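Trainee: Protein chains in written order, with this note's numbering: chain R, 384 to 515; chain F, 384 to 515; chain U, 384 to 515; chain D, 384 to 515; chain X, 32 to 99; chain W, 32 to 99; chain G, 2 to 68; chain V, 164 to 229. All residues carry an ideal CB built from backbone N, CA and C; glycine is no exception.
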Amino acid sequence: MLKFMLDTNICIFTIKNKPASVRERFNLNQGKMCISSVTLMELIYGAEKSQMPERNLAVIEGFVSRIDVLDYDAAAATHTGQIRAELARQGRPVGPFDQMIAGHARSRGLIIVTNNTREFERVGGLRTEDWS
Amino acid sequence: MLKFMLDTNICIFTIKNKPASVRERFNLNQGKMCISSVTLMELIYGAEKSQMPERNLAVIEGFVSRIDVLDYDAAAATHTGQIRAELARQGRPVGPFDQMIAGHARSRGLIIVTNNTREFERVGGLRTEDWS
Amino acid sequence: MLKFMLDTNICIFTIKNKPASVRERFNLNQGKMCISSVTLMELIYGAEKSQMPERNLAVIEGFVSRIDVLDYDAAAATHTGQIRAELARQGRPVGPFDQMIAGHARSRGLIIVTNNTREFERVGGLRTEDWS
Amino acid sequence: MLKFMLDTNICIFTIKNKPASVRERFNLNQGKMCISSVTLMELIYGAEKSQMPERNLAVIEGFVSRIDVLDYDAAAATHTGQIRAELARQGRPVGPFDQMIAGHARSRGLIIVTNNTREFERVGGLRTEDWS
Amino acid sequence: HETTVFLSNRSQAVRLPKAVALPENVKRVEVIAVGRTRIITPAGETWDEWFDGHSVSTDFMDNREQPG
Amino acid sequence: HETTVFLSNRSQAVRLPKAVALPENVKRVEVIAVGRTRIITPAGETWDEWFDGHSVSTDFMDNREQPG
Amino acid sequence: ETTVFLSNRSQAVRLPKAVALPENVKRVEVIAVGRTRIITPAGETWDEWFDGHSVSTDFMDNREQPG
Amino acid sequence: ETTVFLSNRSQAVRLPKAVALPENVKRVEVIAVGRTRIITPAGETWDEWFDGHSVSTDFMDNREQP
Ligand code: NA
Ligand code: NA
């Protein structure tokens, strides 16, 4: 079964820097990792606005081919809506895509793997993990 | 088959005012309307932060049970990625949620039903309609 | 995933002339191109009415093997039906095969690659590119 | 198992007139009938350009729900290419939609059901029947 | 006339109250999915319901408009 | 006070093949007769019923707060 | 995930229907890269088609699209 | 009581000696990328990707999440 949702940050990090520490983790957790389609959307945008789109798309393809891209569904949407209202109340600011990614993870009971970890902390009932 | 994707705006407007002109469109097009899960997220958020969360969730379930909710998938994401880059090249300013809805609709050859066609216009490969 | 639908025109253009500019295009976009089965039909007729059916068929089949052929399905048919009517109330004359190809591309949110972009610009919710 | 492919003419005739004799034939041959998506396209078109599109689409949905709609695939495309070439040699003139239907039926070894077998008899390897 | 749905031996099924029960001679049926509705027709009479209602406007494809 | 516990009469029923099975979020259904044919519909998918029904509060989403 | 095996005297890798190849793909190219191998269907490169045989000169001088 | 049958044929790739796999590779993970398939040694699925496949320098220096 799946255990981990890689956030957008750890994906930009990993792809840019190819850190061998992360290479270890991936090899160990192969088959337990996924990303939200929302994050896929960001990576696609990355390549599209870059100097070498076709090239960057191909790197992203090899990454994506190795993991699961989860469809952002009604449960993910519902968790995100609740989460947005919960943070708005408590004046904790979190970015829109991060909100959807957080919602997606929580609705599947997955651990969110981040770079910073700080922003995702403010979300209730969400387990995180730093792989950088 | 599915023909129309109702954007978040037209949904808000429909749920608040339950207008005759829209009712007539809904009947005329029963079975052919969906929303992106991205819009469902927005509606849940609208209810949770609402003064009458209980009541409002309830009207929203009545709405959702009669129209399909499409999961925002990879193809949806890929088009949104592309759309974000197309737009930034042209300094055309469109909201993030609207951009995902636009990408979702374009990936499926769906017509966007909205009451502000003026901003969805900025996207190419996209047909819009104003149900008031 | 697929990105481009090559219409019947660039196919003939490309097959008769083997242009270098187009070769570069295919090398750069290999894997992301397809034709509708409607175009296949045209190509096959082309070879079959040839003066060298034998040889010409063989060339076509070598072109196709390197390209994806999408079946013309109920969605492609529905879009075509819509498009034919859209164009009728505008007096914009497009050919029957071009119309089916347009319908097909729209249903899949594919970009029509052509050289006769003028004929396809009449069609709503469709994106074209000149690859000649 | 599928035995018959209804051409466009027979469908139009049936839909407009609801003839008693055809009702008997359909009831008898239920489960052995289909149309090509090429014919679907024309019917969608028929509705889309009509006085009452949604009314007419509803009737088509009823009709289609009781039969199979075959996708026009490479095999149908290939036979249509051949057929088109065989016909030119004869000088026997046939419409393009009819050619694709003929090709589609032959690729699947189906009997073409129509309301005028004249056209389709100019075509080799093809069995026809008049159900009007 | 309202009614309820039940699984019977690993398969969906539908009660038909007396006021809506099929004639006695209808022993087999053919169920047709038209959108969100299902149509229950006596085997052998699948088209009767469609032939009897469901009229198109009179203009519908008076002209096919196939090119050529 | 005393009375009897009886068995009801068997009801006419119809099985739906998997290919034409209703969705399972559907469990209650309305039925109408047309000739020898019966038409099955999921109850409470009326758009009219929903439009005429309950309202949301007036504050509801006066602002979408979609990030600039 | 599959198990390396042998077939008619040599080494073989099974392809789970999830990641199967199109029924088209009959012959295949193989490249080595570290401990990893890469599979590519043969004859899907464009140069080999462009440089290859050409069509007769009359090919589709007339498209013959009706209307 | 049940009847014994035959499983379906699976798809497989002959692996030439010039390109055969080390002896310590008995478990394999097959990735699909386009019409391309990648055979990796179990537990080493990510090596090939970290090795090649660099993205241009400008690639997402800014994420631009609003
Ligand atoms: Na005609
Ligand atoms: Na806004």
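#1: Report the CB separation of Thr3/G from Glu211/V in whole angstroms; it is logged as a contact under 8 Å.
#2: Measure the C-alpha to C-alpha separation of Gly474/F and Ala460/F and round it to an integer number of angstroms.
#3: Taking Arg501/R as the reference, give the member of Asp390/R, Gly429/R, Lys386/R and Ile450/R with the closest Cα.
#4: Residue ranges of each beta strand (DSSP E) run of no fewer than 3 residues wholly in the region 401 to 489 of chain F, ordered along the chain?
#5: Just the chain V side, please: which residues come within less than 8 Å of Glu2/G by C-beta, in chain order?
#6: Under a three-way DSSP split, which group does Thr35/X fall into?
#7: Considering just the uninterrupted stretch of the alpha helix (DSSP H) at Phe82/X, what are its terminal residues?
#8: Classify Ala43/G as helix, strand or coil using the three-state DSSP reduction.
#9: Starting from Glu502/F, trace the beta strand (DSSP E) in both directions and tell me its first and last residue.
#10: How about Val51/W and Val62/X: are their beta carbons less than 7 Å apart?
#11: Roughly how many angstroms separate the alpha carbons of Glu444/U and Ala457/D, rounded to a whole number?
#12: So, is the C-beta of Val182/V closer than 7 Å to a C-beta in chain G?
#13: Sort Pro73/X, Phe91/X and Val65/X by Cα distance to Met384/F and report the nearest one.
#14: If you measure from each residue's Cβ to the nearest non-hydrogen atom of ligand 2, which ones come out under 6 Å, in chain order?
#15: Between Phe396/D and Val496/D, how many whole angstroms is the CB-CB distance? I'm expecting something under 8 Å.
#16: Residues in the same chain with beta-carbon distance under 8 Å from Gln465/U, minus the five sequence neighbours each way, listed in chain order, please.
#17: Identify whether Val506/R lies in helix, strand or coil by the three-state DSSP scheme.
#18: Of all the CB atoms in chain R, is at least one closer than 7 Å to the CB of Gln228/V?
#19: Could one say the Cβ of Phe409/R lies closer than 7 Å to chain V's Cβ atoms, at least one of them?
#20: Going by CA-CA distance only, name the one from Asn498/R, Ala488/R and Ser515/R that's closest to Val506/R.
#21: Using the beta-carbon of each residue, which ones in chain F are nearer than 9 Å to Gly84/W?
#22: Would you call the CB atoms of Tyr455/D and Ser420/D closer than 7 Å?
#23: In terms of residue numbering, what span does the beta strand (DSSP E) encompassing residue 72/G cover?
#24: Residues of chain F with CB under 8 Å from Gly492/U, in chain order?
#25: Are the Cβ atoms of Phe91/W and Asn439/F separated by less than 7 Å?
#26: For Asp451/U and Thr511/R, I'd like the C-alpha separation in whole angstroms.
#27: In terms of residues, what are the limits of the beta strand (DSSP E) holding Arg46/W?
#28: Which bits of chain G does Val176/V rub up against, with CB to CB less than 7 Å?
#29: Spatial neighbours of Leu509/U within its chain, please: CB distance less than 7 Å, with the 5 preceding and 5 following residues excluded, ordered by chain position.
#30: Are the C-beta of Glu431/R and some C-beta of chain F separated by less than 7 Å?
#31: Within a Cβ cutoff of 8 Å, which residues of the same chain sit near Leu470/U, ignoring the five residues on either side of it in sequence?
#32: Along chain F, which residues have their Cβ under 8 Å away from the Cβ of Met384/U?
#33: Along the chain, where does the beta strand (DSSP E) containing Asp390/F start, and where does it finish?
Mentor: Answer, in terms of the structure:
#1: Actually they are not in contact, since the Cβ atoms of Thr3/G and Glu211/V sit about 17 Å apart, beyond 8 Å.
#2: Cα-Cα distance, rounded: 21 Å.
#3: Minimum Cα distance to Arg501/R is reached at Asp390/R.
#4: If we require 3 residues or more, the beta strand (DSSP E) runs fully inside the region 401 to 489 of chain F come out as 416 to 419 and 451 to 453.
#5: Against chain V, the beta carbon of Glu2/G has neighbours under 8 Å at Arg190, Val191, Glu192, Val193 and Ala205, listed in chain order.
#6: If DSSP states are grouped into helix, strand and coil, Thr35/X belongs with the strands.
#7: Unbroken alpha helix (DSSP H) run through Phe82/X: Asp79 to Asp83.
#8: DSSP places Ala43/G in the coil class of the three-state scheme, outside both helix and strand.
#9: For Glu502/F, no beta strand (DSSP E) run applies; the uninterrupted alpha helix (DSSP H) run containing it begins and ends at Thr500 to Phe503, by DSSP.
#10: Yes, they are a contact pair.
#11: Roughly 11 Å separates the two Cα atoms.
#12: Using a Cβ-Cβ cut-off of 7 Å, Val182/V counts as an interface residue toward chain G, since at least one Cβ of chain G sits closer than that to its own.
#13: Looking from the CA of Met384/F, the closest CA among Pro73/X, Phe91/X and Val65/X belongs to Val65/X.
#14: With 6 Å as the limit, the residues whose C-beta approaches a heavy atom of ligand 2 more closely than that are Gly478/F, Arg95/W and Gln97/W, in chain order.
#15: With 8 Å as the limit, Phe396/D and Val496/D do not qualify as a contact, their Cβ atoms being about 11 Å apart.
#16: The answer, listed in chain order, is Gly486.
#17: Here DSSP, grouped into helix, strand and coil, assigns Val506/R to coil.
#18: For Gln228/V, the closest Cβ of chain R is nearer than 7 Å.
#19: At a cut-off of 7 Å between beta-carbon atoms, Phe409/R makes contact with chain V.
#20: Nearest C-alpha to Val506/R: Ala488/R.
#21: Ordered by position in chain F, the residues that pass the 9 Å Cβ test against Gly84/W are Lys401, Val442 and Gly445.
#22: Inclusion of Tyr455/D and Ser420/D in the CB contact set at 7 Å is warranted, their separation being smaller than that value.
#23: No information on residue 72/G is available, as it lies outside the stretch 2 to 68 that chain G covers here.
#24: Per Cβ cutoff of 8 Å: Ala458, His462, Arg489, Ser490, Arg491, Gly492 and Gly508.
#25: Contact: yes.
#26: Each residue's alpha carbon lies about 42 Å from the other.
#27: Counting along the chain, the beta strand (DSSP E) containing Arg46/W begins and ends at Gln43 to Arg46.
#28: Within chain G, the residues near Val176/V are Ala13, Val14, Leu16, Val29 and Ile40.
#29: Hits under 7 Å: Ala485, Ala488, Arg489, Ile495 and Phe503.
#30: By the rule that beta-carbons nearer than 7 Å mark a contact, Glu431/R touches chain F.
#31: Counting only Cβ-Cβ distances below 8 Å, and skipping sequence neighbours, we find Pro476, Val477, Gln482, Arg505 and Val506.
#32: Residues of chain F whose Cβ lies closer than 8 Å to the Cβ of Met384/U are, in chain order, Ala457, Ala458 and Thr461.
#33: Run containing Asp390/F: none; DSSP gives neither H nor E here.
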